[PDB]
Ligand SMILES: Nc1ncnc2c1ncn2[C@@H]1O[C@H](COP(=O)(O)OP(=O)(O)OP(=O)(O)O)[C@@H](O)[C@H]1O
Ligand SMILES: Nc1ncnc2c1ncn2[C@@H]1O[C@H](COP(=O)(O)OP(=O)(O)O)[C@@H](O)[C@H]1O
Ligand SMILES: [Mg+2]
Ligand SMILES: [Zn+2]
Ligand SMILES: [Zn+2]
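Protein chains in written order, with the working numbering: chain A, 3 to 665; chain B, 583 to 1002.
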């Protein structure tokens, strides 16, 4: 049959020591009785076990010559067995409820009480304990400092890569690191399956821990055990016990991949109260049990010894960063007080965005004005106005406009970078099209990537084909995308600011009529944009000397040099942009006459647009609307709930500087 | 006094009484039995209140509870909420044809041609192993009749969550629906509705060959109530006014400054002329087609958007427009689909960006206006479709401005016959 071997492990002493630790442990009295008391009162829903406590308790009790072995080593060597040992120990030592219970809501206990009042009245079945259980058991990996406290090498942790996990780590508790990519939905999982017996005594129960399940045919009821059939047993949904189930996969980081290789993946199962504690697209430190999975589910009758493997989550450290939606705290309140004391801020903010790129102060000022946004939240009688600003940047190759765009995307949490094709699922199609394994055809229809309150950044604006051009023309002036293919009309409400960089097809500015260079795009699309910048490269000594000196000093220090002088920090801008957006100044009427006469002078310029050679000074009401929006944004960036004539003057100066680059 | 059998029931009024809230809690936990006993109570209420008893015996009675619990979202559905009444909002994605559901099985003893009716329970049929007529008593003489049974009309609806529940660019999730009887075809594609019903979980068959079952269960909901999201004297009083023409013309565009004559023209086009189909001469066109031209500093798209929603029927498109045989996505069949121009029969079809119309589609327009009847001959299908639609189109000139010296034809870039 099966030969037997001898191992130094025996579970009797392990269970006795586990019980002694659970009862006697002092960290309020004992902590492990406080958790059990809260569980008894139906307050706590899950139990977390710290291995550091076990280690230090054993170490401090070793001073007396009674302890003989260690438990954490066996925990690391095998984990699943100790789970049922711990649940048995908890079930044996569950104190009574010290608090009142709303007993009528527990329909499971009510049904069980009805069954007991049926059976025990006659003078009954011993139900499995897990059906009665309500809590969840979780483990926590130890900390390195606790290991450093003592001589022993009780380390664990050590977040190995996906490919560093070998076949000798099955059954152990290991910690991994990587980026989460795919997260499935939440679906119930069966733990104990109950059948009703058609009013024939006790109702048979069954528990299946496998990933497959088979039903019963006949039942042990006495009148059903009688030589003729009495009712067909049926599964009962109410009496059964279920559990939340979720699955996800994790990928290796690009830093840990050896050269000339393709990153590998890993499947993770999660159950219990920890479900939905992680989201796609974050760096995590997951600790769990590395378990094998049978191949028989595929049913191929091949790979006689080859098996699939997966990790069952036990503890997740979300890590990464937190946006927090600028939730107000005392420290950030003193931070904004410091900003108030700082005086004028926007010039320092412009100086502090991209010090690696030299000069171009006005472009950075326009970026600041883009970040805050213009006038929004509609007007009377339902007319639509958007706070989003659309700015297109023109310049020759090699002006670090792409690097500036990357810096803006870094500093803006809503920024997204796209380009003409290269990746197909970024425009006119949903990211979940044909995605599920069932091929359920999940789709919204006509939508873009996070176009709701997003900052879309595009390089090579002339490159995109007709489809992406149609999409960018459709997202004009907060207009929703209503492209339909199969009766779907779930339109994405696009309210986004468009920032794009492009170049003429010649690759260099031309002495001829500047509109002949334009964008090589339709003039209707050009007129939509709020602000147009042209960055023309003029060879000169007194500026290229500074640029070369800056670049070489950056290269020499291998860092951002101290030659930069910025009192404000990128996280500080991240805080202050939300703070100033929250303030939200509104419009003051006293500037109406001034803006009207400014528009009159703008049309006076339109009376000289036929003078040519910089004919961009054309007549458009969107110019006035953008002037209003830019003045509103100038009020919003620093000022309180008031719009100043100085904002109108600054917007006018910005427009004149925008036009002045034509020459 | 009406003969209708339908009772609406709100929970808050049901909550207003102290003895009823206990029944409220009991209904939350056990909906089916409470609803059945309530229906029996209402059935007895007929005789209890009439004291014709002939119309009562034929009709059944049902309730439509609503506003029981707060509207929840598909992103938070714990297993603790199984077989409990919940309230859900969403948008309908797709429907399905009516699915028959067996209720009464029909069997026949083919040897003696004896028939009997067998009731069922939980779908499973307990087949009778021997005919009740002991005069023959043959065991193997039964063979059912498929077309002499009784059936119920079940239908499955696919629903998606509202976009309001997705704050950070995530994807929507879909929940299946089940309906019976009066709720069949109560919604169609694109509807915004709110539903109240209980939760259900079912084991999946996996391999149909074997009795093995998966460790995961499919989730779906069953609902009982669904909600969505003599004035002629008032006409002649208005219609008798003298200056109704000007106010009516100016009312359709409150934000548009001046441009009175074009507003009058658009309003008159919306009013439309007469249509006649005298036999010996043929039909005459009754539709009115108007073009707008000018630089993109006019807000001329706003007029199109106004008139698209003001008119009863009208499709707003851009510069496909007619019928084409399509290949169905979810189901593997071939279905003929009509175009936007066909869908605007009797209304006004709004076209934007007329210049960028390509070339193949323009000829289509050339046959939809001079004849108002489109024919398609593809994949063995030859037929003609009626259009009878009005056209309101806008176009832009070539260049930053429309030079007055140059005539219209060059700037608009349209064929002279189509413009004429
Ligand atoms: N003002 C500047 N300060 C520092 N570096 C600059 C500056 N302008 C350009 N550069 C250099 O130019 C490079 C980035 O510019 P890049 O050519 O990518 O932008 P671009 O004008 O969008 O061109 P392309 O379309 O060819 O990518 C970097 O190597 C950067 O050091
Ligand atoms: N008479 C007007 N009244 C109000 N707004 C106007 C007027 N003329 C122009 N506008 C503004 O200028 C824009 C003109 O755009 P429009 O010519 O409709 O673009 P397109 O015709 O290319 O769709 C509109 O969005 C509108 O806000
Ligand atoms: Mg570039
Ligand atoms: Zn039985
Ligand atoms: Zn017979």
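Quick reminder that beta carbons are idealized off the backbone N, C-alpha and C, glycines included.
CA-CA distance, residue 297(A) to residue 658(B), rounds to 32 Å. Not one heavy atom of ligand 5 falls within 7 Å of the beta-carbon of residue 700(B). Listed in chain order, the beta strand (DSSP E) elements of length 3 or more contained wholly in the stretch 599-640 of chain A amount to none. About 11 Å separates the Cβ atoms of residue 179(A) and residue 159(A), ruling out a contact at the 8 Å cut-off.
Residues 249, 250, 251, 252, 288, 290, 312, 313, 314, 315 of the same chain have their beta carbon placed closer than 8 Å to that of residue 270(A), with the five preceding and five following residues left out of the count. Residue pairing by DSSP places residue 266(A) opposite no residue, since no beta bridge is assigned to it. Residue list for ligand 1: 358(A), 359(A), 360(A), 361(A), 362(A), 397(A), 398(A), 399(A), 400(A), 401(A), 402(A), 403(A), 404(A), 405(A), 461(A), 462(A), 503(A), 505(A), 549(A), 552(A), 553(A) (CB closer than 7 Å to any heavy atom, chain order). Remark: the C-beta of residue 416(A) is outside contact range of ligand 2, defined as less than 7 Å to any heavy atom.
In the DSSP secondary-structure assignment, residue 807(B) is bridged to 778(B).
A Cβ-Cβ contact shorter than 8 Å links residue 286(A) with residue 182(A). Looking at the backbone, the Cα of residue 832(B) and that of residue 934(B) are separated by about 23 Å. Contact note: residue 985(B) does not reach chain A at a C-beta cutoff of 7 Å; the least C-beta distance is about 10 Å. Interface annotation, residue 832(B): not in contact with chain A, CB-CB separation never under 8 Å. Check the Cα spacing between residue 449(A) and each of 42(A), 479(A), 484(A): the tightest is with 484(A). Taking C-alpha positions only, residue 441(A) is separated from residue 755(B) by approximately 14 Å.
Secondary structure of residue 273(A) (DSSP, three-state): strand. Look at residue 169(A) here: in three-state DSSP terms it is helix. Measuring C-alpha to C-alpha distances from residue 495(A) to each of 447(A), 374(A), 206(A), 145(A) identifies 447(A) as the nearest.
With a threshold of 8 Å between beta carbons, residue 711(B) makes no contact with chain A. Closer than 7 Å to some heavy atom of ligand 5: that does not describe the Cβ of residue 709(B). Annotation: the continuous alpha helix (DSSP H) that includes residue 948(B) extends over 942-951. Contact check for residue 416(A) against residue 376(A) fails: the beta carbons are separated by 8 Å or more.
At a threshold of 7 Å, residue 712(B) does not count as near ligand 5, since its beta carbon sits no closer than that to any of the ligand's heavy atoms. Distance from the CA atom of residue 30(A) to the CA atom of residue 37(A), rounded to whole angstroms, is 11 Å.
By the Cβ test, the stretch 902-919 of chain B is not in contact with the stretch 872-881 of chain B, since fewer than three Cβ pairs between them sit closer than 8 Å.
Closer than 8 Å to the CB of residue 632(B) there is not a single CB belonging to chain A.
Looking at the DSSP output, residue 310(A) sits in a beta bridge with 295(A).
Against chain B, the CB of residue 655(A) has no partner CB under 8 Å away; the residue lies outside that interface. Counting along the chain, residue 959(B) sits inside the beta strand (DSSP E) bounded by residues 955-960. For residue 95(A), the closest of 35(A), 653(A), 399(A) by C-alpha to C-alpha distance is 35(A). If you look at residue 109(A), you'll find it in the alpha helix (DSSP H) that goes 109-124.
At a beta-carbon threshold of 9 Å, the residues of chain A lying near residue 755(B) are 187, 444, ordered along the chain. For the set 812(B), 851(B), 591(B), the Cα lying nearest the Cα of residue 621(B) is the one of 591(B). Closest by C-alpha distance to residue 473(A), out of 11(A), 493(A), 489(A), is 493(A).
In this structure residue 963(B) is exposed. Its beta-carbon is surrounded by fewer than 16 other beta-carbon atoms within 10 angstroms.
Residue 221(A) counts as buried, since no fewer than 16 other beta carbons sit within 10 angstroms of its beta carbon.
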